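Laid out below as structure tokens are two forms of one and the same protein chain, each shown alone and named structure 1 and structure 2.
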Structure 1
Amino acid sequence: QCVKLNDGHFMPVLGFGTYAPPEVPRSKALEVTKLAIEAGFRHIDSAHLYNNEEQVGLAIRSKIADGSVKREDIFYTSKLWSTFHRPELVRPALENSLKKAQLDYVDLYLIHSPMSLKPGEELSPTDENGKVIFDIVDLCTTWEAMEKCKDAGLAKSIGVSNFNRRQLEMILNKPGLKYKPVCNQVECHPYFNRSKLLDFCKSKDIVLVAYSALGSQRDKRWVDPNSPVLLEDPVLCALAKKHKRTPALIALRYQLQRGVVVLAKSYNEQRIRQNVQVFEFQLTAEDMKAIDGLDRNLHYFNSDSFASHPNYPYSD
């Protein structure tokens, strides 16, 4: 099923995550995105950062060309990268995304992060200490340029990602605001459930979309390998046995029952098909309370590389 966004458009509540690290061959994104659509995913999440929009777009268009779906059945997301926050670069950046995917529009365009970076060749310009070279950009001006992309029909809906409550309030309080963010895509899982940010988002009819809902890919660039493995959690395992599902399915269903839209990345055929089974069962109030009890303020993304950024959303 879908949730109705605050601009009247509809978003499927289960989304497929397409990010894989650069060591994974680019051709895999094509294969697995087709498999996801074939399994029943209709919401597909990409970004300029992922260097896979050519492949993800081809997977979508291939499933259109092969008769499986129409463009109107797919909900396709991309994101403005942080080197393009200056308002004059927003539309060009979006047009690159459209060119790569060979699509006329995205269903959703997000500001990927509030942590603006120096414009240039690199995705991630850093100094000699490894910290990313920041840019100072009024994100309200960035947002105005996002609104023009919606008016031009290049993005059906616009929203944000990795914003905390205050950063979000800055947008909502902007003089002359035309379109509220339809969503805030943020790290969200039983060890970092974001319930306060969720309550705030609910109060403004903004959808919280969860990433790393399965514990993240635990990439050594950003994630401490000593951090607890979400999917090995004894409570999630006990609930999996109770319901004859898996820890992953429990973690996904938890988000759906909280009114959270949830992403799920898998590049494995069997797990991709497993993940759509989230619609086949329910958790009880007691199950949900047990999962709510797991919250431990654990953001997996935890690196020096962004912890010193002025717009770093977390308070550590």
Structure 2
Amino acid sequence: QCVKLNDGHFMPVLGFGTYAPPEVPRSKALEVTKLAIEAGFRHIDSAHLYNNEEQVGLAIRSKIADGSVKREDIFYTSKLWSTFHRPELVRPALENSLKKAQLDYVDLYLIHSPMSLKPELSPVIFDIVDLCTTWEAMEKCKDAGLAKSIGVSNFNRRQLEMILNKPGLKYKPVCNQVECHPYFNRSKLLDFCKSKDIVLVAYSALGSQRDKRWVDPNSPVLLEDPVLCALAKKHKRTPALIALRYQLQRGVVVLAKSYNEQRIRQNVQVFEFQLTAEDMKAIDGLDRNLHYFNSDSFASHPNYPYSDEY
């Protein structure tokens, strides 16, 4: 089950999220990425930021070498971190991710965030960079064959239009990877992306990992929502599967992180059932503009995506 991107390539609609906090041994990323592939995951989402591209690439390479899959079956994503937005730093950063993962190309390279940072990953000191020049450098990475497709992450409508209306544009972003779940369903952004043939990719679709460093512990726990729990009972599934199936039926490609073997195998059950129209309407009604990731300290950045929240 894949969706056709605006550049002709195909993206599996269910992806495996590989981020785990530093307290989790790096060995786990190798272990679970293999478990994900064995369970049926073909879309693997990583990033320079996650400090796991070595282990994630090892897992993909091992499952190719053991005959389980071919490289063409795997959709691997990495992301350009914000300290490498200056156009001369874009390609070296991609080559470095390819070297670490021992891959010849990524299937998808994304701008991780529009909020450019001073050329340490977290120096916070900002950098003024016209993202159109960053995008031009990304386009050259696709022309060189290092990235099959290119896209963006954490862009708002205004920032997408800055790219879509760039003079001399060669490649539209194939996708915009943003926070998306029933408490923050991005309906307006989703309609906009659909109208421009851009795929919205959902992260934190299961409510986020609720890390005390980024997430307010008092924020509501998505997977304990009464509506998702009732719907989980009706369909004999789980709240997680309801939240994942919700995204698929509204045209969103959805990521799901799990470092637990049983839940990794569970999340591929999203293709085994359907939600009713009334089920989807009830989930729609949970929307409350709730971002689990508190970026309020970065609200001063000229490219802060959540501007005009009030």
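Residue indices: 1-based, along structure 1. Only residues modelled in both forms are compared. Between two forms, the rigid core is the largest collection of C-alphas that superpose within 1.5 Å.
K.L.:
My question is whether residue 304 is one of the residues whose C-alpha shifts by 2 Å or more between the two structures, given a fit on the rigid core.
P.N.:
Shift at residue 304: 2 Å or more after core fit.
K.L.:
Determine, in Å, the CA shift of residue 62 between the two structures after the rigid core is used for superposition.
P.N.:
Value for residue 62 between the two structures: 0.3 Å of C-alpha shift.
K.L.:
Superpose on the rigid core and then read off how far the CA of residue 220 has moved between the two structures, in Å.
P.N.:
C-alpha shift for residue 220: 1.2 Å.
K.L.:
After superposing on the rigid core, which segments of 3 or more consecutive residues have every C-alpha shifted by 2 Å or more between the two structures?
P.N.:
Residues 303-310 form the single run that moves by 2 Å or more between the two structures.
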